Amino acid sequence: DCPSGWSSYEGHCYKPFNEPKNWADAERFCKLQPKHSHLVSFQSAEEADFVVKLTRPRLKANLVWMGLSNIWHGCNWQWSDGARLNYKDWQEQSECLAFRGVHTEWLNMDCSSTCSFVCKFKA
């Protein structure tokens, strides 16, 4: 099926980890799995409903990292006066996405905050 302690949904294996890490450390940890893996991604509502079923018993209700980082980075930024966005001067700031261990609702967080997370790989 999936290695012990992991759970399969639709050809993929999932594991919750109740261990506050920042987004990079959490994605790191997933990459470090014996089968190399990533922070959970969601392709459907039903996959999200399955993942929260997993998070609930032990992780709920911590924030849990999902695999979306720098969510405000590559936006098509422009000037309202139409000037060319040539010169630039941004902070020094990154946001990442998370959900509560209990609902499917996403939450934008500073990437250096500390949440739980779920790893995912293809079986």
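Counting begins at 1, following the sequence as shown.
Student: Using only C-alpha atoms and the B-factors in the entry, which stretch averages higher, 38-46 or 93-101?
Tutor: According to the PDB entry, the answer is 93-101.
Student: Using only C-alpha atoms and the B-factors in the entry, which stretch averages higher, 54-62 or 26-34?
Tutor: Higher mean C-alpha B-factor: 54-62.
Student: Ranking every modelled residue in this chain by its Cα temperature factor as given in the entry, which third contains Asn76?
Tutor: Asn76: CA B-factor falls in the highest third of its chain.
Student: Lowest, middle or highest third: which one holds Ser116 when the chain's residues are ordered by CA B-factor from the entry?
Tutor: It falls in the bottom third of the chain.
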